[PDB]
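To keep things clear, I will list the structure first and then write my remarks on it.
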Amino acid sequence: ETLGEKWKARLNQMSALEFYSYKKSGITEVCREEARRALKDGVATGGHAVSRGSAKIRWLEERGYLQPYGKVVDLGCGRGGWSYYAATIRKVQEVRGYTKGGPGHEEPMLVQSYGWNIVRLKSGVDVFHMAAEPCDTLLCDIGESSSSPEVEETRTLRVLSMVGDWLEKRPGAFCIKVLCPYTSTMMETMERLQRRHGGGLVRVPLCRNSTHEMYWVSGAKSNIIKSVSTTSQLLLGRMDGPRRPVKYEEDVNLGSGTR
Ligand SMILES: Nc1ncnc2c1ncn2[C@@H]1O[C@H](CSCC[C@H](N)C(=O)O)[C@@H](O)[C@H]1O
Ligand SMILES: [Mg+2]
């Protein structure tokens with residue numbers, strides 16, 4: 001039994017009050033109250049991010065874990081937070097977004113932050129059925145939390161199998177969400193993937209404590225077992241400590257205008 005699997009077992013045993021207290025304890029979060037009201041009014045020129053994903057992907061890029069450029073493919077774009085942030089980067093030529101958009105899923109949102117005119121967001125697209133294309137930056141944020149590790153592991157592996165066909169085209173940069181990296185099989189799978197495509201797993205502090213999600217980014221180089229184990233220790237430690245306040249930060253503002 002791994003530490004992450006122990007974390008998942010402990011998480012499922014929490015009561016509602018225990019879980020919600022632990023979910024945001026000590027995590028970093030961007031303030032989106034201003035963004036929510038502006039978006040609901042239909043404001044598209046205020047620079048607001050359509051979701052908290054823009055801050056997530058910026059945290060990785062600002063620290064040099066990937067440098068988006070060329071043609072960017074955003075698989076599972078949802079509202080489009082990754083695509084809108086990717087559209088503001090120097091060497092990005094265009095951003096192609098795809099998302100399933102089902103009953104519980106998200107539909108693309110149309111805003112006019114900087115570089116909006118080089119973005120195409122398409123809804124109703126299941127990426128498991130579309131053919132892999134060559135690209136320069138491969139983005140994927142797919143994987144849905146579940147109570148059982150078996151479902152999370154299965155969902156993660158299906159994503160990685162689909163992503164492997166895109167990575168065979170060898171994009172220069174990638175950022176792939178790994179919902180469940182904490183099983184021995186998943187650690188083994190990532191090791192083979194890292195040997196073949198490089199990169200490494202990174203834990204973003206904006207992530208909630210209720211998910212073990214890590215991001216496979218081309219710029220990272222750390223060991224996979226150490227990366228997952230260190231993250232599992234952090235999540236386990238926050239369980240047995242008193243509730244720590246949320247570290248709030250200003251949300252990302254992406255400006256306005258065409259490129
Ligand atoms: N098979 C699939 N094909 C395409 N999109 C999928 C998918 N399974 C899940 N998704 C979508 O992937 C999205 C992951 S949420 C990520 C949102 C985005 N990173 C942002 O910054 O806003 C969800 O909205 C979900 O609808
Ligand atoms: Mg979750």
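All residue names refer to the structure tokens as shown: chains lettered A, B, ... in order, residues numbered from 1 in each chain, ligands numbered from 1 in order.
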Please write out the residues within 9 Å of ligand 2 as a compact mmCIF listing (two decimals) with N, CA, C and O atoms, in the first residue's frame, counting only C-alpha atoms and all ligand atoms.
```txt
# COMPACT_ATOMS: atom_id res chain seq x y z
N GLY A 143 -9.57 14.32 -16.53
CA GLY A 143 -9.56 13.39 -15.42
C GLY A 143 -10.46 13.89 -14.31
O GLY A 143 -10.29 15.00 -13.80
N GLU A 144 -11.43 13.06 -13.93
CA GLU A 144 -12.48 13.45 -13.00
C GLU A 144 -12.32 12.68 -11.70
O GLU A 144 -12.16 11.45 -11.72
N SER A 145 -12.36 13.40 -10.58
CA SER A 145 -12.19 12.78 -9.28
C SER A 145 -13.31 11.78 -9.01
O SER A 145 -14.45 11.94 -9.46
N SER A 146 -12.96 10.72 -8.28
CA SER A 146 -13.94 9.72 -7.89
C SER A 146 -13.57 9.21 -6.50
O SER A 146 -12.42 9.33 -6.06
N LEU A 179 -4.50 12.58 -12.98
CA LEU A 179 -5.42 12.61 -11.85
C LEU A 179 -4.97 11.68 -10.73
O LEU A 179 -4.98 12.06 -9.55
N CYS A 207 -3.93 23.30 -6.30
CA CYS A 207 -4.77 22.11 -6.26
C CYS A 207 -5.36 21.92 -4.87
O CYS A 207 -4.71 22.20 -3.86
N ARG A 208 -6.60 21.43 -4.82
CA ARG A 208 -7.23 21.14 -3.55
C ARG A 208 -6.62 19.89 -2.92
O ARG A 208 -6.11 19.01 -3.61
N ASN A 209 -6.68 19.83 -1.59
CA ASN A 209 -6.16 18.67 -0.86
C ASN A 209 -6.99 17.42 -1.09
O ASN A 209 -6.53 16.32 -0.74
N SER A 210 -8.19 17.54 -1.66
CA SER A 210 -9.07 16.41 -1.89
C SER A 210 -8.75 15.65 -3.18
O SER A 210 -9.42 14.66 -3.48
N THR A 211 -7.76 16.10 -3.94
CA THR A 211 -7.33 15.41 -5.15
C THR A 211 -5.82 15.26 -5.13
O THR A 211 -5.09 16.15 -4.68
N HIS A 212 -5.34 14.11 -5.62
CA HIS A 212 -3.91 13.83 -5.72
C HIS A 212 -3.35 14.23 -7.08
O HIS A 212 -2.27 13.75 -7.46
N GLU A 213 -4.05 15.09 -7.81
CA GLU A 213 -3.67 15.42 -9.17
C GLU A 213 -2.28 16.04 -9.23
O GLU A 213 -1.91 16.88 -8.40
```
Identify, with DSSP run on backbone atoms, the residues in region 101-253 of chain A assigned to helix (DSSP H, G or I), and express the list as a compact mmCIF listing (two decimals) with N, CA and C atoms, in the first residue's frame.
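Output contents, as saved in selection14.txt:
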```txt
# COMPACT_ATOMS: atom_id res chain seq x y z
N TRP A 116 -7.45 36.61 -27.97
CA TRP A 116 -8.66 35.81 -28.15
C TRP A 116 -8.90 35.44 -29.60
N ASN A 117 -8.47 36.29 -30.54
CA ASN A 117 -8.77 36.08 -31.95
C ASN A 117 -7.98 34.93 -32.57
N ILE A 118 -6.95 34.42 -31.90
CA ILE A 118 -6.19 33.29 -32.41
C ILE A 118 -6.64 31.97 -31.77
N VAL A 127 -12.36 13.63 -27.10
CA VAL A 127 -11.00 13.49 -27.59
C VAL A 127 -10.58 12.03 -27.75
N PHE A 128 -11.25 11.11 -27.06
CA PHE A 128 -10.95 9.69 -27.24
C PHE A 128 -11.36 9.18 -28.62
N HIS A 129 -12.14 9.96 -29.37
CA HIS A 129 -12.59 9.56 -30.70
C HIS A 129 -11.96 10.36 -31.83
N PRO A 149 -10.14 4.71 -5.78
CA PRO A 149 -8.90 4.81 -6.56
C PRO A 149 -8.95 4.02 -7.86
N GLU A 150 -9.73 2.94 -7.91
CA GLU A 150 -9.82 2.16 -9.14
C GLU A 150 -10.38 2.99 -10.29
N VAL A 151 -11.43 3.77 -10.03
CA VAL A 151 -11.99 4.63 -11.07
C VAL A 151 -10.98 5.71 -11.46
N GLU A 152 -10.33 6.33 -10.47
CA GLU A 152 -9.34 7.36 -10.77
C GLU A 152 -8.17 6.80 -11.56
N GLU A 153 -7.69 5.61 -11.18
CA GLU A 153 -6.59 4.99 -11.91
C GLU A 153 -7.01 4.66 -13.34
N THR A 154 -8.21 4.11 -13.52
CA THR A 154 -8.69 3.77 -14.85
C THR A 154 -8.86 5.01 -15.71
N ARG A 155 -9.42 6.08 -15.14
CA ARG A 155 -9.58 7.32 -15.89
C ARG A 155 -8.24 7.91 -16.30
N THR A 156 -7.25 7.86 -15.40
CA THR A 156 -5.94 8.40 -15.72
C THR A 156 -5.26 7.62 -16.84
N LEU A 157 -5.34 6.28 -16.79
CA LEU A 157 -4.67 5.47 -17.79
C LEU A 157 -5.29 5.65 -19.17
N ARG A 158 -6.61 5.79 -19.24
CA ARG A 158 -7.26 6.02 -20.53
C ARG A 158 -6.82 7.35 -21.12
N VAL A 159 -6.65 8.37 -20.28
CA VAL A 159 -6.14 9.65 -20.76
C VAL A 159 -4.72 9.50 -21.29
N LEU A 160 -3.86 8.81 -20.54
CA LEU A 160 -2.47 8.66 -20.94
C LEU A 160 -2.34 7.85 -22.23
N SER A 161 -3.17 6.82 -22.39
CA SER A 161 -3.15 6.06 -23.64
C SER A 161 -3.53 6.94 -24.82
N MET A 162 -4.55 7.79 -24.66
CA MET A 162 -4.93 8.72 -25.72
C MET A 162 -3.84 9.76 -25.95
N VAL A 163 -3.24 10.27 -24.88
CA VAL A 163 -2.20 11.29 -25.01
C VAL A 163 -0.96 10.72 -25.68
N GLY A 164 -0.69 9.42 -25.51
CA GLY A 164 0.48 8.82 -26.11
C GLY A 164 0.51 8.93 -27.62
N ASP A 165 -0.66 8.86 -28.27
CA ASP A 165 -0.72 9.02 -29.72
C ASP A 165 -0.36 10.44 -30.14
N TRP A 166 -0.72 11.44 -29.33
CA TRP A 166 -0.33 12.81 -29.63
C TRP A 166 1.16 13.02 -29.37
N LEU A 167 1.69 12.43 -28.30
CA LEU A 167 3.10 12.59 -27.98
C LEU A 167 4.00 11.84 -28.95
N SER A 184 1.02 1.98 -7.60
CA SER A 184 2.28 1.42 -8.09
C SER A 184 2.26 1.27 -9.61
N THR A 185 1.12 0.85 -10.17
CA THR A 185 1.00 0.76 -11.62
C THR A 185 1.14 2.12 -12.28
N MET A 186 0.53 3.15 -11.70
CA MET A 186 0.62 4.49 -12.28
C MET A 186 2.04 5.03 -12.18
N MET A 187 2.73 4.77 -11.07
CA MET A 187 4.14 5.15 -10.98
C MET A 187 4.97 4.42 -12.02
N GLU A 188 4.70 3.13 -12.22
CA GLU A 188 5.40 2.38 -13.26
C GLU A 188 5.09 2.93 -14.64
N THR A 189 3.82 3.26 -14.91
CA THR A 189 3.45 3.78 -16.22
C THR A 189 4.13 5.11 -16.50
N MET A 190 4.18 6.00 -15.51
CA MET A 190 4.81 7.30 -15.71
C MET A 190 6.31 7.17 -15.94
N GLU A 191 6.95 6.20 -15.27
CA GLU A 191 8.39 6.02 -15.46
C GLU A 191 8.71 5.66 -16.90
N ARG A 192 7.94 4.76 -17.50
CA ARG A 192 8.13 4.43 -18.91
C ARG A 192 7.83 5.64 -19.79
N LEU A 193 6.77 6.38 -19.47
CA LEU A 193 6.44 7.57 -20.25
C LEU A 193 7.52 8.64 -20.13
N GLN A 194 8.07 8.83 -18.93
CA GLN A 194 9.14 9.80 -18.75
C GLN A 194 10.40 9.39 -19.50
N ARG A 195 10.71 8.09 -19.51
CA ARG A 195 11.87 7.62 -20.26
C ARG A 195 11.70 7.86 -21.76
N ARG A 196 10.47 7.84 -22.25
CA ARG A 196 10.21 7.98 -23.68
C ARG A 196 10.02 9.42 -24.12
N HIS A 197 9.37 10.25 -23.29
CA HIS A 197 9.02 11.61 -23.68
C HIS A 197 9.63 12.68 -22.79
N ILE A 224 9.98 10.35 -10.55
CA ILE A 224 8.54 10.21 -10.45
C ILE A 224 8.12 9.67 -9.09
N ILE A 225 8.81 8.65 -8.58
CA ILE A 225 8.46 8.10 -7.27
C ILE A 225 8.62 9.17 -6.20
N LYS A 226 9.72 9.91 -6.23
CA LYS A 226 9.94 10.97 -5.25
C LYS A 226 8.89 12.07 -5.39
N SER A 227 8.51 12.41 -6.62
CA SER A 227 7.51 13.45 -6.83
C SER A 227 6.17 13.05 -6.23
N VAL A 228 5.70 11.84 -6.53
CA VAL A 228 4.42 11.38 -6.01
C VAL A 228 4.48 11.20 -4.50
N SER A 229 5.56 10.58 -4.00
CA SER A 229 5.68 10.32 -2.57
C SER A 229 5.72 11.61 -1.76
N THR A 230 6.45 12.61 -2.25
CA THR A 230 6.50 13.89 -1.55
C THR A 230 5.12 14.55 -1.50
N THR A 231 4.38 14.50 -2.61
CA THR A 231 3.03 15.05 -2.63
C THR A 231 2.11 14.27 -1.70
N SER A 232 2.23 12.94 -1.69
CA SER A 232 1.39 12.13 -0.81
C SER A 232 1.68 12.44 0.66
N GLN A 233 2.95 12.67 1.00
CA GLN A 233 3.29 13.02 2.37
C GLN A 233 2.68 14.37 2.76
N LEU A 234 2.68 15.33 1.83
CA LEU A 234 2.11 16.64 2.12
C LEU A 234 0.61 16.55 2.38
N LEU A 235 -0.11 15.79 1.54
CA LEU A 235 -1.55 15.66 1.71
C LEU A 235 -1.89 14.90 2.99
N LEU A 236 -1.13 13.85 3.30
CA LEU A 236 -1.35 13.12 4.55
C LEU A 236 -1.07 14.00 5.76
N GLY A 237 0.00 14.80 5.70
CA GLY A 237 0.34 15.65 6.83
C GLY A 237 -0.73 16.68 7.13
N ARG A 238 -1.32 17.27 6.09
CA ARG A 238 -2.38 18.25 6.29
C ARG A 238 -3.63 17.63 6.90
N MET A 239 -3.78 16.30 6.83
CA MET A 239 -4.91 15.65 7.48
C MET A 239 -4.78 15.69 9.00
```
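Nearest to ligand 1 of all the residues A:66, A:125, A:131, A:119 is A:125, counting only C-alpha atoms and all ligand atoms.
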Inset, instruction - Name the residues in contact with region 58-61 of chain A at a cut-off of 12 Å, using only C-alpha atoms, excluding same-chain residues fewer than 6 positions from it; report them as an MDAnalysis selection string. - result: chainID A and resid 28:30 49 52 67:69 81:89 173:177 200:207 214:220 249 251:254
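The nearest approach to residue 134 (chain A) among the residues A:72, A:50, A:95, A:111, with only C-alpha atoms taken into account, belongs to A:72.
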Which parts of region 15-257 of chain A does DSSP call strand (DSSP E) when run on the backbone here, written out as an mmCIF file with N, CA and C atoms, in the first residue's frame?
```cif
data_model
loop_
_atom_site.group_PDB
_atom_site.id
_atom_site.type_symbol
_atom_site.label_atom_id
_atom_site.label_comp_id
_atom_site.auth_asym_id
_atom_site.auth_seq_id
_atom_site.Cartn_x
_atom_site.Cartn_y
_atom_site.Cartn_z
ATOM 1 N N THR A 28 -3.290 27.193 -1.813
ATOM 2 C CA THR A 28 -3.330 28.489 -2.470
ATOM 3 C C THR A 28 -4.569 28.567 -3.352
ATOM 4 N N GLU A 29 -5.218 29.728 -3.351
ATOM 5 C CA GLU A 29 -6.430 29.917 -4.135
ATOM 6 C C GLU A 29 -6.471 31.345 -4.658
ATOM 7 N N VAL A 30 -6.971 31.504 -5.877
ATOM 8 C CA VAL A 30 -7.131 32.817 -6.488
ATOM 9 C C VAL A 30 -8.539 33.322 -6.212
ATOM 10 N N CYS A 31 -8.653 34.620 -5.941
ATOM 11 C CA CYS A 31 -9.949 35.231 -5.676
ATOM 12 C C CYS A 31 -10.678 35.459 -6.994
ATOM 13 N N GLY A 70 4.076 27.980 -30.804
ATOM 14 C CA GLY A 70 3.582 27.329 -32.005
ATOM 15 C C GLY A 70 2.088 27.091 -31.943
ATOM 16 N N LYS A 71 1.661 25.953 -32.482
ATOM 17 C CA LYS A 71 0.258 25.560 -32.440
ATOM 18 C C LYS A 71 -0.006 24.826 -31.131
ATOM 19 N N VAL A 72 -0.956 25.329 -30.349
ATOM 20 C CA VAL A 72 -1.276 24.783 -29.036
ATOM 21 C C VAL A 72 -2.600 24.040 -29.130
ATOM 22 N N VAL A 73 -2.613 22.794 -28.663
ATOM 23 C CA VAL A 73 -3.817 21.971 -28.615
ATOM 24 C C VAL A 73 -4.195 21.789 -27.152
ATOM 25 N N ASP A 74 -5.419 22.174 -26.805
ATOM 26 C CA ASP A 74 -5.909 22.127 -25.430
ATOM 27 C C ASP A 74 -7.021 21.084 -25.366
ATOM 28 N N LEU A 75 -6.665 19.866 -24.967
ATOM 29 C CA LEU A 75 -7.631 18.780 -24.878
ATOM 30 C C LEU A 75 -8.377 18.850 -23.551
ATOM 31 N N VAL A 92 3.222 31.780 -29.248
ATOM 32 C CA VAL A 92 2.043 30.998 -29.600
ATOM 33 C C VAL A 92 1.443 31.536 -30.891
ATOM 34 N N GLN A 93 1.221 30.643 -31.857
ATOM 35 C CA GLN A 93 0.639 31.026 -33.138
ATOM 36 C C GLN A 93 -0.879 30.895 -33.145
ATOM 37 N N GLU A 94 -1.405 29.792 -32.616
ATOM 38 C CA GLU A 94 -2.844 29.595 -32.510
ATOM 39 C C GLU A 94 -3.111 28.557 -31.431
ATOM 40 N N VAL A 95 -4.334 28.578 -30.907
ATOM 41 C CA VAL A 95 -4.756 27.662 -29.852
ATOM 42 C C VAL A 95 -6.002 26.930 -30.331
ATOM 43 N N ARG A 96 -5.937 25.600 -30.347
ATOM 44 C CA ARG A 96 -7.050 24.748 -30.748
ATOM 45 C C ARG A 96 -7.586 24.037 -29.512
ATOM 46 N N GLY A 97 -8.831 24.328 -29.154
ATOM 47 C CA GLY A 97 -9.449 23.796 -27.947
ATOM 48 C C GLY A 97 -10.558 22.811 -28.275
ATOM 49 N N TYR A 98 -10.638 21.743 -27.483
ATOM 50 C CA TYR A 98 -11.651 20.712 -27.649
ATOM 51 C C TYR A 98 -12.109 20.232 -26.280
ATOM 52 N N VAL A 119 -7.776 31.975 -31.085
ATOM 53 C CA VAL A 119 -8.276 30.816 -30.356
ATOM 54 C C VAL A 119 -9.515 30.284 -31.060
ATOM 55 N N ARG A 120 -9.626 28.959 -31.130
ATOM 56 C CA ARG A 120 -10.843 28.290 -31.579
ATOM 57 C C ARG A 120 -11.205 27.232 -30.546
ATOM 58 N N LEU A 121 -12.315 27.442 -29.844
ATOM 59 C CA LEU A 121 -12.827 26.488 -28.868
ATOM 60 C C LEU A 121 -13.991 25.734 -29.496
ATOM 61 N N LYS A 122 -13.905 24.406 -29.511
ATOM 62 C CA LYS A 122 -14.950 23.557 -30.067
ATOM 63 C C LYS A 122 -15.537 22.685 -28.968
ATOM 64 N N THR A 137 2.655 22.442 -28.820
ATOM 65 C CA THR A 137 2.385 22.391 -27.388
ATOM 66 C C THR A 137 1.123 21.573 -27.165
ATOM 67 N N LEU A 138 1.247 20.476 -26.424
ATOM 68 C CA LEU A 138 0.122 19.598 -26.133
ATOM 69 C C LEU A 138 -0.366 19.857 -24.714
ATOM 70 N N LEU A 139 -1.608 20.312 -24.589
ATOM 71 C CA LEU A 139 -2.230 20.546 -23.295
ATOM 72 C C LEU A 139 -3.382 19.570 -23.098
ATOM 73 N N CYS A 140 -3.467 19.001 -21.898
ATOM 74 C CA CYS A 140 -4.566 18.112 -21.547
ATOM 75 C C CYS A 140 -4.824 18.228 -20.053
ATOM 76 N N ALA A 173 6.577 20.898 -26.294
ATOM 77 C CA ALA A 173 6.202 21.105 -24.904
ATOM 78 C C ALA A 173 4.853 20.452 -24.647
ATOM 79 N N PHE A 174 4.643 20.014 -23.408
ATOM 80 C CA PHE A 174 3.360 19.434 -23.045
ATOM 81 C C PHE A 174 3.083 19.660 -21.566
ATOM 82 N N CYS A 175 1.794 19.634 -21.226
ATOM 83 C CA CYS A 175 1.338 19.741 -19.841
ATOM 84 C C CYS A 175 0.105 18.850 -19.720
ATOM 85 N N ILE A 176 0.281 17.674 -19.124
ATOM 86 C CA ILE A 176 -0.755 16.650 -19.065
ATOM 87 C C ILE A 176 -1.153 16.440 -17.611
ATOM 88 N N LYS A 177 -2.452 16.525 -17.336
ATOM 89 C CA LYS A 177 -2.948 16.263 -15.992
ATOM 90 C C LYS A 177 -2.947 14.765 -15.712
ATOM 91 N N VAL A 178 -2.394 14.383 -14.565
ATOM 92 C CA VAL A 178 -2.378 12.998 -14.107
ATOM 93 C C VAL A 178 -3.222 12.955 -12.840
ATOM 94 N N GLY A 200 8.314 15.579 -16.312
ATOM 95 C CA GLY A 200 8.161 15.095 -14.950
ATOM 96 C C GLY A 200 6.852 15.562 -14.355
ATOM 97 N N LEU A 201 6.540 15.002 -13.189
ATOM 98 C CA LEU A 201 5.300 15.302 -12.486
ATOM 99 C C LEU A 201 5.510 16.445 -11.502
ATOM 100 N N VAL A 202 4.551 17.368 -11.471
ATOM 101 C CA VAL A 202 4.616 18.554 -10.626
ATOM 102 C C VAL A 202 3.285 18.714 -9.905
ATOM 103 N N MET A 214 -1.501 15.592 -10.208
ATOM 104 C CA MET A 214 -0.213 16.177 -10.538
ATOM 105 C C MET A 214 -0.161 16.371 -12.046
ATOM 106 N N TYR A 215 0.711 17.269 -12.490
ATOM 107 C CA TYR A 215 0.764 17.655 -13.893
ATOM 108 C C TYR A 215 2.089 17.224 -14.501
ATOM 109 N N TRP A 216 2.006 16.422 -15.560
ATOM 110 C CA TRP A 216 3.173 15.961 -16.301
ATOM 111 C C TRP A 216 3.559 17.041 -17.304
ATOM 112 N N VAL A 217 4.643 17.757 -17.021
ATOM 113 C CA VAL A 217 5.071 18.900 -17.817
ATOM 114 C C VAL A 217 6.453 18.616 -18.385
ATOM 115 N N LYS A 247 -4.447 30.326 1.547
ATOM 116 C CA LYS A 247 -3.538 31.378 1.092
ATOM 117 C C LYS A 247 -4.114 31.977 -0.186
ATOM 118 N N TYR A 248 -4.906 33.033 -0.030
ATOM 119 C CA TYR A 248 -5.551 33.663 -1.171
ATOM 120 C C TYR A 248 -4.581 34.571 -1.919
ATOM 121 N N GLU A 249 -4.783 34.662 -3.232
ATOM 122 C CA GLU A 249 -3.957 35.493 -4.095
ATOM 123 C C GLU A 249 -4.831 36.154 -5.151
ATOM 124 N N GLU A 250 -4.300 37.224 -5.736
ATOM 125 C CA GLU A 250 -4.972 37.885 -6.845
ATOM 126 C C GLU A 250 -5.062 36.946 -8.042
#
```
At a cut-off of 6 Å and counting only C-alpha atoms and all ligand atoms, what residues surround ligand 1? Please answer as a tab-separated table (two decimals) with C-alpha atoms, in the first residue's frame.
```
chain	number	residue	atom	x	y	z
A	51	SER	CA	-11.98	29.75	-14.74
A	53	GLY	CA	-7.45	26.93	-14.66
A	54	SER	CA	-5.66	29.99	-16.03
A	76	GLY	CA	-10.52	18.96	-22.43
A	77	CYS	CA	-10.53	22.76	-22.52
A	78	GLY	CA	-13.83	23.13	-20.64
A	79	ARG	CA	-14.59	26.82	-20.34
A	80	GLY	CA	-11.16	27.50	-21.84
A	81	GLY	CA	-8.95	28.82	-19.03
A	82	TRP	CA	-5.83	27.13	-20.39
A	99	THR	CA	-13.97	19.55	-24.87
A	100	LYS	CA	-16.75	16.99	-24.52
A	101	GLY	CA	-19.25	19.32	-22.85
A	105	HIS	CA	-19.18	19.02	-17.96
A	106	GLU	CA	-18.42	22.59	-19.07
A	125	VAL	CA	-15.81	16.80	-29.08
A	126	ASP	CA	-14.79	13.59	-27.31
A	127	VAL	CA	-11.00	13.49	-27.59
A	128	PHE	CA	-10.95	9.69	-27.24
A	141	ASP	CA	-6.48	18.69	-18.31
A	142	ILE	CA	-8.73	15.61	-18.38
```
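With distances taken over only C-alpha atoms, A:45 is the one residue among A:45, A:21, A:222, A:15 lying closest to residue 114 (chain A).
If you measure from each of A:6, A:183, A:133, A:37 to residue 171 (chain A) using only C-alpha atoms, the closest one turns out to be A:133.
Note that CA of residue 27 (chain A) and CA of residue 246 (chain A) are 5.4 Å apart.
Using only C-alpha atoms, the nearest neighbour of residue 255 (chain A) within the list A:44, A:38, A:17, A:55 is A:44.
Of the residues under consideration (A:115, A:198, A:245, A:172), A:115 shows the shortest atom-to-atom contact distance to residue 258 (chain A) when counting only C-alpha atoms.
Going from CA of residue 64 (chain A) over to CA of residue 221 (chain A), you cover 11.5 Å.
With CA of residue 8 (chain A) on one side and CA of residue 242 (chain A) on the other, the separation reads 19.1 Å.
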